[PDB]
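The structure appears below as structure tokens.
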Amino acid sequence: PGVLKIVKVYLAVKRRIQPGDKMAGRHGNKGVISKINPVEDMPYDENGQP
Amino acid sequence: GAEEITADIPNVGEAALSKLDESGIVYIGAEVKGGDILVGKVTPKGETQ
Amino acid sequence: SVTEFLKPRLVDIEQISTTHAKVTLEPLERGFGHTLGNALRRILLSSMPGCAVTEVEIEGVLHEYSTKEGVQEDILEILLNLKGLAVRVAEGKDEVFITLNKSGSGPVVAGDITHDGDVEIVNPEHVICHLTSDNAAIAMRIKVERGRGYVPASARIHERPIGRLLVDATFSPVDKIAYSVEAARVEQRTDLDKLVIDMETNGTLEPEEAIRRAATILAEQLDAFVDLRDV
């Protein structure tokens, strides 16, 4: 009662990973991302895969 | 009075009305950021001192 | 002697595939091989130019979160597939438009893109979408930009007509770099050493030229130390 018109708008937001987001496995090891490090600063194996 | 949905929004420039249609509702597929008008609504207001 | 070093030279490119190569630098003195290898790996993996898809315009599509009749993949999946397009742009052009028009059932691949001769597609077999009907038709306008690094759609400075879909661009063509420093047989000495750099890329960027740009960047940033003074 008393309502004339309802307009509903749906917004799609793409949320990327960033520091502060909670990420976890299946064994109870949860954590918060602290840094988005560059690829060149990651440890790499003998084949160069970081 | 009765609140009306329209594109004639007082004290708002044409920049914020770009994504609105004639009916006052944002287009489908419009990329909107914070503070952008999606539905333009105007409500009658009483005398203000 | 002791105060004079041996300047390394480029001696071999081994092109294992179109996306994998090996470059040999020789001769290198003791310790210099590791230093040069690490410096070149860090510069190559982070600061090398390329060409990436930045804007896509598909007829009859208003936003990525929609579907097109006759196309199995959603528009978001099509954009994700276009992100993996390896495009080489001729020098002097930082902005190209390439069109993709197709009708009929079948996969739509990168070899079906019409370009004006200034754009080369390195992976024509890359799959963009699938057309599942004989009446299905797709018509897309793809924008290819020259850049460096990773520029997401949000980070791009802000009119934009509805229908123009912004695609996150990873301009860096280098994917994997691995350097191995081994013994080299030069004259009679046993102290000179050899650097082998294995580059896994998208095929857009040549190995030798990439090494030269990396060396140019390293020397240009070193010039500040070479001319150390209070600025």
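Each chain in the structure tokens gets a letter, A, B, ..., in the order shown, and its residues are numbered from 1; ligands are numbered from 1 in order too.
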Residues of chain C within 6 Å of chain A, counting only C-alpha atoms, as a list in words: residues 42, 177 and 178 of chain C
Select from chain B every residue with an atom at most 9 Å from any atom of chain C, then for each give the shortest pair of atoms and their distance in Å to one decimal, using only C-alpha atoms, rows by chain and rising number, as JSON lines.
{"residue": "B:27", "atom": "CA", "partner": "C:162", "partner_atom": "CA", "distance": 8.6}
{"residue": "B:28", "atom": "CA", "partner": "C:62", "partner_atom": "CA", "distance": 7.2}
{"residue": "B:29", "atom": "CA", "partner": "C:63", "partner_atom": "CA", "distance": 5.0}
{"residue": "B:30", "atom": "CA", "partner": "C:162", "partner_atom": "CA", "distance": 6.1}
{"residue": "B:31", "atom": "CA", "partner": "C:162", "partner_atom": "CA", "distance": 8.1}
Residues as selected, N, CA, C and O atoms, written as a PDB file, in the first residue's frame, can you do that?
ATOM      1  N   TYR B  27      20.563   2.840 -18.743  1.00  0.00           N
ATOM      2  CA  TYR B  27      20.580   1.874 -19.829  1.00  0.00           C
ATOM      3  C   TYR B  27      21.161   0.545 -19.354  1.00  0.00           C
ATOM      4  O   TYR B  27      21.884   0.468 -18.357  1.00  0.00           O
ATOM      5  N   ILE B  28      20.834  -0.513 -20.087  1.00  0.00           N
ATOM      6  CA  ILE B  28      21.398  -1.830 -19.812  1.00  0.00           C
ATOM      7  C   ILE B  28      22.762  -1.929 -20.481  1.00  0.00           C
ATOM      8  O   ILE B  28      22.893  -1.698 -21.689  1.00  0.00           O
ATOM      9  N   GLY B  29      23.778  -2.268 -19.698  1.00  0.00           N
ATOM     10  CA  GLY B  29      25.139  -2.309 -20.181  1.00  0.00           C
ATOM     11  C   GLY B  29      25.965  -1.081 -19.874  1.00  0.00           C
ATOM     12  O   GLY B  29      27.096  -0.981 -20.363  1.00  0.00           O
ATOM     13  N   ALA B  30      25.443  -0.149 -19.083  1.00  0.00           N
ATOM     14  CA  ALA B  30      26.160   1.077 -18.768  1.00  0.00           C
ATOM     15  C   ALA B  30      27.119   0.846 -17.609  1.00  0.00           C
ATOM     16  O   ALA B  30      26.721   0.345 -16.553  1.00  0.00           O
ATOM     17  N   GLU B  31      28.381   1.211 -17.808  1.00  0.00           N
ATOM     18  CA  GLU B  31      29.385   1.095 -16.760  1.00  0.00           C
ATOM     19  C   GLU B  31      29.237   2.267 -15.797  1.00  0.00           C
ATOM     20  O   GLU B  31      29.442   3.423 -16.183  1.00  0.00           O
TER      21      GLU B  31
END
Residues of chain A within 12 Å of chain B, only C-alpha atoms counted, as an NGL selection string: :A and (2-14)
Residue contacts of residue 70 in chain C (12 Å, only C-alpha atoms) excluding same-chain residues fewer than 3 positions away, as a ChimeraX atom specification: /C:67,73-74,102-107,129-138
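Within 9 Å of residue 9 in chain B, once only C-alpha atoms are used and residues closer than 5 positions along the same chain are dropped, the contacting residues are residues 17, 40, 41 and 42 of chain B.
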Serialized selection, N, CA, C and O atoms, as a CSV table (one decimal), in the first residue's frame:
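Okay, result_38.csv is ready:
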chain,number,residue,atom,x,y,z
B,17,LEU,N,23.3,12.8,-16.5
B,17,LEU,CA,22.1,12.3,-17.2
B,17,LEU,C,22.5,11.5,-18.5
B,17,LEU,O,21.6,11.2,-19.2
B,40,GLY,N,16.4,8.2,-11.8
B,40,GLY,CA,16.1,9.5,-11.4
B,40,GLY,C,14.8,9.7,-10.8
B,40,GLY,O,13.8,9.6,-11.5
B,41,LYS,N,14.7,10.0,-9.5
B,41,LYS,CA,13.5,10.2,-8.8
B,41,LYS,C,13.4,11.6,-8.1
B,41,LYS,O,14.4,12.0,-7.5
B,42,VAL,N,12.3,12.2,-8.2
B,42,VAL,CA,12.0,13.5,-7.6
B,42,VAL,C,10.8,13.4,-6.7
B,42,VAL,O,9.8,12.9,-7.1
Test item: residues at most 10 Å from residue 11 in chain C, only C-alpha atoms, excluding those fewer than 3 positions along its chain, as a list in words: residues 8, 23, 24, 25, 26 and 27 of chain C
Helix (DSSP H, G or I) per DSSP on the backbone: members of range 8-210 of chain C, as an MDAnalysis selection string: chainID C and resid 32:44 75:83 110:112 207:210
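Going from CA of residue 19 in chain C over to CA of residue 16 in chain A, you cover 28.7 Å.
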Which residues in chain B does DSSP call strand (DSSP E)? List them as a VMD selection string. chain B and resid 4 to 5 41 to 42
Atom-to-atom span, CA of residue 191 in chain C and CA of residue 213 in chain C, Å: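 CA of residue 213 in chain C lies at a distance of 28.0 Å from CA of residue 191 in chain C.
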